[PDB]
Amino acid sequence: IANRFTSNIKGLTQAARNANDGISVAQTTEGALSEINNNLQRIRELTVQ
Amino acid sequence: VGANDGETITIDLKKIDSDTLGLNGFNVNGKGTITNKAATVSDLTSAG
Amino acid sequence: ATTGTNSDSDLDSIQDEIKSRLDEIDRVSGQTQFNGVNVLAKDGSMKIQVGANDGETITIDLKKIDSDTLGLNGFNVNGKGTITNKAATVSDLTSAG
Amino acid sequence: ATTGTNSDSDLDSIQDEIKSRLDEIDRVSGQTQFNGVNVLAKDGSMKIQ
Amino acid sequence: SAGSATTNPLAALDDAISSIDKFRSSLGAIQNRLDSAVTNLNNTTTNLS
Amino acid sequence: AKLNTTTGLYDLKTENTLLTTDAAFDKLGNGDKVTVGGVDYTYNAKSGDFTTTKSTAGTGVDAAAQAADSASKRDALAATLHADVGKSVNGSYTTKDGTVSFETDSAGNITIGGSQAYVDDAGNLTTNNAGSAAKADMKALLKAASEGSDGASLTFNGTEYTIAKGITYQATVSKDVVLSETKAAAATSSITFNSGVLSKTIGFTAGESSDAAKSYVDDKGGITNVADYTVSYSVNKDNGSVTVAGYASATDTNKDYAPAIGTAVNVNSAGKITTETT
Amino acid sequence: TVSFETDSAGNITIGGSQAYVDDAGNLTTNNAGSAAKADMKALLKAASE
Amino acid sequence: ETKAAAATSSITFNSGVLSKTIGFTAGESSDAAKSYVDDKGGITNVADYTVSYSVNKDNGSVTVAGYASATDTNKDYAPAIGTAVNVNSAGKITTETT
């Protein structure tokens, strides 16, 4: 049972690290999307003009 | 996300560019390109 | 979301977030595990020996916690709700036979 | 390694480490010896009077 | 001509939260009673020794 | 077990139940063929039901026979079954080299693109009429297809019908239904067990097999050729132990159920007779 | 009433498929009795006769 | 002795319930029976099956359209028509995409 618990603890810690990496991926993609959105807003203003 | 097999979370991504938003020949002033199409055997038969 | 000022796209985004969190509830319920036993995925009970003779036991009751046992299945908050139906006419009156 | 964020080089490095440790398992199994008897290399039995 | 949107979302969520709270309370009571059992076992072991 | 007076041994006889329709249906597999009442059914395990091929009609050998009348009445019956008054259904009517959509609402009314179509002499489907040859009905369409020089193919929500140059079509019947006709009376139903390589046909009348075939199930389930199960036990007068001293069977049995001779006989936990020690 | 798409050099097409004219004069998309004559000249002749 | 000589042997396969008897000439089967095994193993007694593929000239996509069998075959090896065919890892022509 101690072996099983050690395996589970190590796996869960590594999974937490993986989830942190995924959060980083999401943040980077969202920043790129925000810049694209600002460009689109400016283009719409130019079209209205 | 888990310690056993199959315990995953999926992040879907999208191909975002001019092509997937349209806007290709935005052409506000009326001067631009279309990059029309590539022909096929059905088009040739229709043309005769 | 229940506010009537929200538009269709806003309701769609809110329901997307709701569906994501319901999926998280289901995932945590399915994947929570202790010593190879899914504590939250079964409606059984566990017996603990606390005395030195037979019969000295304490029972822990577990409940199957997920979407199904809490309802929330089609938690369709982005739906349409009560909608007034259109009046009948002669064309579909005859179509009915 | 099973996380999908890792790239090909990352997976290659991880599998290199995995191969090294599997080689260690095999080496320990082969070379563990007591009084000229390979305890872990045979599926037999020992009799004690 | 009733539609497909959930009728009473707040009531359904309240029922779910109430069920979760009841099960948590049951677990807490079981844990307290188990700790009391532990203390009694230690005292009895000391006296028997 | 009964004591044999002439030999002094103890003989134990075990009976074997004849093959039944329920057991046969349980052992039915994919591609199995069942013949009851002269009509062949093919079992499907994917949907778990019997598929059949039914022709329209035709029994007489000449024009002045009941074949034409049976064909006409079966065509009428199929058209009536195609009523579907409550809701509309879509299909397709295909000639030898051409096809056309089909959308009927009720009473077999032909509607193409919201406009009622008509059937010609040769089964042709046309939105127009030449010489007032409308006859826009399912019965008329089926009759024109049957009398046409060239056959046709009809695709509907259910099975696909083929009108030959008679209509051949697939149909579905329930396994419980087929069981009911098989066990209803003294039928001549026969079941063919096919493994894709090995095949055997068993003909049984209202349950038990009457084709002089030793089909039985009591041993461990399944099918066996052992008619009777008889084994001889010798009791030692001094020790008191019971040993197996051979066996005899009505059929050959190919020594398949042969127990070891001279092995001590043990009583199972449930109380049966078994040679296993533990 | 039938709506048909005439093609170059003379042809009859209904719903993207070649159409045939009945001998009596009706228009169809499927041939019956081995009498197709899928041509607008044939359609006109059949209508006249 | 069966393979070398031009004898007439008989082989019976029994599963305990189902039985099949096959005649054999000097290395082959001459009992007017199909008795073919080459597909994947087991006696499938099918002479040959021909699969017809339709090629769409607009894009080059190839689909399955048409099955022919010299025997009944119960449509054992007949794929459903209209299914796009692909190429396996070994270069074979196969329908599944796994």
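If you read the sequences in order, they're chains U, L, V, X, Y, H, P and G. The numbering of the first sequence is the authors' numbering, which starts it at 50 and goes up by one. The numbering of the second sequence is the authors' numbering, which starts it at 148 and goes up by one. The numbering of the third sequence is the authors' numbering, which starts it at 99 and goes up by one. The numbering of the fourth sequence is the authors' numbering, which starts it at 99 and goes up by one. The numbering of the fifth sequence is the authors' numbering, which starts it at 489 and goes up by one. According to the authors' numbering, the residues represented by the sixth sequence are 196 to 360, 376 to 488, in order. The numbering of the seventh sequence is the authors' numbering, which starts it at 294 and goes up by one. The numbering of the eighth sequence is the authors' numbering, which starts it at 391 and goes up by one. For each residue, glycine too, the CB sits at the ideal point set by N, CA and C.
For residue i, which residues in chain L fall below 9 Å Cβ to Cβ?
i: U:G71; result: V148, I156, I158
i: U:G60; result: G149, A150, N151
What's the C-alpha gap between residue i and residue j?
i: H:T411; j: H:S242; result: 23 Å
i: P:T321; j: H:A396; result: 54 Å
i: V:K162; j: V:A139; result: 5 Å
i: X:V137; j: X:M144; result: 10 Å
i: H:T485; j: H:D462; result: 22 Å
i: H:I483; j: H:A458; result: 17 Å
i: P:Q311; j: L:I181; result: 33 Å
i: H:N285; j: P:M333; result: 30 Å
i: X:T101; j: V:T130; result: 19 Å
i: G:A423; j: G:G417; result: 14 Å
i: H:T237; j: G:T434; result: 19 Å
i: V:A99; j: V:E122; result: 20 Å
i: V:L109; j: U:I50; result: 48 Å
i: L:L191; j: H:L272; result: 50 Å
i: H:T378; j: G:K447; result: 35 Å
i: H:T354; j: Y:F511; result: 54 Å
i: H:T247; j: H:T230; result: 11 Å
i: V:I158; j: V:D114; result: 37 Å
Under 8 Å Cβ-Cβ, which residues of chain V neighbour residue i?
i: Y:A525; result: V148, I156
Pop quiz: residue i and residue j are said to be a contact at Cβ under 8 Å. What is the actual Cβ separation, rounded to whole angstroms?
i: H:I401; j: H:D217; result: Wrong, their Cβ atoms sit about 12 Å apart, outside the cutoff.
i: G:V436; j: G:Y443; result: With 8 Å as the limit, G:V436 and G:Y443 do not qualify as a contact, their Cβ atoms being about 20 Å apart.
i: Y:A525; j: V:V175; result: Contact doesn't hold; Cβ gap of about 46 Å is too wide.
i: H:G376; j: H:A266; result: 7 Å
i: V:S165; j: V:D124; result: 5 Å
i: H:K208; j: H:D438; result: 7 Å
i: H:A278; j: H:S301; result: 7 Å
Could you name the residues of chain P that residue i contacts, counting a contact when the two beta carbons are closer than 7 Å?
i: H:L349; result: The contacting residues do not exist; H:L349 stays about 12 Å from chain P at best.
i: H:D292; result: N324
Give the interface partners of residue i over in chain L, defined as CB-CB distance under 7 Å, in chain order.
i: U:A68; result: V148
Would you mind telling me which residues of chain H sit closer than 7 Å to residue i, beta carbon to beta carbon, in chain order?
i: P:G309; result: Within 7 Å Cβ-Cβ: nothing; P:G309 doesn't reach chain H, min ~12 Å.
Please classify residue i: is it buried, with 16 or more other beta-carbons within 10 angstroms of its beta-carbon, or exposed?
i: Y:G516; result: exposed
i: H:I307; result: buried
i: G:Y467; result: exposed
i: H:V295; result: buried
i: V:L170; result: buried
i: H:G343; result: buried
i: H:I305; result: buried
i: H:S399; result: buried
i: U:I85; result: exposed
i: H:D270; result: buried
i: H:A394; result: exposed
Tell me the DSSP secondary structure of residue i in three-state form.
i: H:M333; result: helix
i: H:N404; result: strand
i: P:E342; result: coil
i: L:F173; result: coil
i: X:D141; result: coil
i: V:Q129; result: helix
i: H:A468; result: coil
i: Y:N528; result: helix
i: residue 363 of chain H; result: You won't find residue 363 of chain H in this model, because chain H goes from 360 right to 376.
i: V:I163; result: coil
i: H:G456; result: strand
i: H:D244; result: strand
i: H:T216; result: helix
i: H:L204; result: coil
i: H:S310; result: strand
i: U:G60; result: helix
i: V:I181; result: coil
List, in chain order, every chain C residue whose beta-carbon is nearer than 7 Å to that of residue i.
i: L:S189; result: Any reference to chain C falls outside this structure, whose protein chains are U, L, V, X, Y, H, P and G.
Applying a beta-carbon distance threshold of less than 7 Å, which residues of chain Y neighbour residue i?
i: V:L168; result: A504, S507
Check whether the Cβ of residue i sits closer than 7 Å to any heavy atom of the ligand HEM, and report yes or no.
i: V:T180; result: The ligand HEM is not part of this structure, which contains no ligands at all.
Using the beta-carbon of each residue, which ones in chain Y are nearer than 9 Å to residue i?
i: V:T180; result: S489, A490, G491, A493
Report the neighbours of residue i on chain V: residues whose CB is nearer than 7 Å to its CB, in chain order.
i: Y:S514; result: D159
Which chain P residues are close to residue i, counting only those with a beta carbon under 9 Å from its beta carbon?
i: H:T354; result: The premise fails here: H:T354 is roughly 21 Å from chain P at the closest Cβ pair, so nothing lies under 9 Å.
Anything in chain H within Cβ reach of residue i, meaning under 9 Å, just list it in chain order.
i: G:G431; result: Those do not exist, as G:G431 stays about 10 Å from chain H at its closest Cβ, beyond 9 Å.
So which residues of chain G does residue i contact, with C-beta pairs closer than 7 Å?
i: H:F220; result: In chain order: nothing, as chain G lies at least about 16 Å away.
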